[PDB]
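This report concerns only the one structure given below.
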Amino acid sequence: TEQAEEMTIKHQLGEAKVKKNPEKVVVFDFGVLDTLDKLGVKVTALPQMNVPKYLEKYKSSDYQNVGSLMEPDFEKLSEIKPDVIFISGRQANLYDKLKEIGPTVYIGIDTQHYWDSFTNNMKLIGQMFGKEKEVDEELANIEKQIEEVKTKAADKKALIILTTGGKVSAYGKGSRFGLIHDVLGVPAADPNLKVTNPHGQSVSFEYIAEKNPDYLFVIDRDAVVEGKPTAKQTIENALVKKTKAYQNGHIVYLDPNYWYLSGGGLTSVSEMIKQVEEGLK
Ligand SMILES: O=C(NCCCC[C@H](NC(=O)c1cccc(O)c1O)C(=O)O)c1cccc(O)c1O
Ligand SMILES: [Fe+3]
């Protein structure tokens, strides 16, 4: 039977039509980038202004530079005329501008349904590039990592903090970093904390101390945004020194190259879970 040559992809921002096995692939989501890397799929262009350390090979001049995460180089994109552009939350406001240039797929994670959304995104990439087998195998491996960590979430309450500019914001269930609770089964120090903001909910140090979590997961935003680590200087303060987490050596510094700059790819999700596993074991 003669079938359509294009895929019809209903995504959070609309519908894209993309040639199966598209030639010129542009990527503004580093989770997607690591996924295409893992699968051996050839990428054409990405924003090279700020590339996660683990994806530093994508700094090569072999890839066309289409700007920064927030500031696409539209002229360059228009030269390339891509077959598909993958975007996520940072580029959501630029959807229509990108769509004029080439088929654009929003492929951010819906954090209210992290696992379903993650898996849907990865399977789509598999279908688009004929890598369904490799994706399924890799999702299988990640499930095994999840099953290992869920079995020690136990009586250990965790709070998730991001540091930037000497300030602290928090994340809980259903949030950007909700997977620690929602997928990996770690109970929340504050189960009623509802955060939908990319940069979290501003909290005081007094609030952290009162919640007194067993574990403190910390994401150093300035390490990747400014290129200067500030998390440790920021959180190592007397109110925080009260907490079980500090006292018991259960402050876990998550790698912002993975967690903040990236996320939601085969490699980033795997590595993110390994970082949680390591902190909890
Ligand atoms: O829409 C987003 N951000 C808009 C506000 C940017 C504020 C601005 N942020 C940065 O410069 C920045 C640079 C590189 C990566 C980031 O994630 C940044 O927030 C600032 O600190 O002055 C966004 C969406 C999803 C995930 C994010 O981390 C976002 O920043
Ligand atoms: Fe940001």
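Basis for what follows: all heavy atoms, side chains included, without hydrogens, waters or symmetry-related copies. Atoms within each ligand, like the ligands themselves, are counted from 1 in listed order. Residue numbers count from 1 along this sequence.
Put simply, atom 22 (O) of ligand 1 has no protein non-hydrogen atoms near it, under 4.0 Å away. Atom 7 (C) of ligand 1 is not flagged as protein-proximal [any protein heavy atom, distance under 4.0 Å].
A salt bridge is defined here as a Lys NZ or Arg NE, NH1 or NH2 lying under 4.0 Å from an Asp or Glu carboxylate O, and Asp222 with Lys228 fails to meet this definition. Electrostatic pairing of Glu277 and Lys274 does not count as a salt bridge here, judged by no charged N lying under 4.0 Å from a carboxylate O. Between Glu79 and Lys76 there is a salt bridge, with a side-chain nitrogen of the basic residue lying less than 4.0 Å from a carboxylate oxygen of the acidic one. No salt bridge links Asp136 with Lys133; every basic N to acidic carboxylate O contact stays at or beyond 4.0 Å.
Counting heavy-atom neighbours within 6.0 Å of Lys19 NZ, excluding the residue itself, gives a total above 12.
The residue from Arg176, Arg90, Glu71, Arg221 that puts a heavy atom closest to atom 1 (O) of ligand 1 is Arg90. Selection from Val225, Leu162, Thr164 by nearest heavy atom to atom 13 (C) of ligand 1 gives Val225.
Applying the side-chain contact (heavy atoms from CB on, under 4.5 Å) test between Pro72 and each of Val26, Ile87, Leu94 identifies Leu94 as the sole match.
When all heavy atoms of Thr243 and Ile208 are compared, the pair lying nearest together is CG2-O, 4.1 Å. Across all their heavy atoms, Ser268 and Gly265 have their closest contact at OG-N, 2.9 Å. When all heavy atoms of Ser262 and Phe30 are compared, the closest pair comes out as OG-C, 3.2 Å.
Taking atom 2 (C) of ligand 1 as the reference point, the nearest protein heavy-atom neighbour is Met70 CE, 4.1 Å.
Taking distance alone, with nitrogen or oxygen atoms compared against 3.5 Å, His199 approaches ligand 1 more closely than that limit.
If you count the protein N, O or S atoms nearer to the Fe ion (ligand 2) than 2.8 Å, you get 2.
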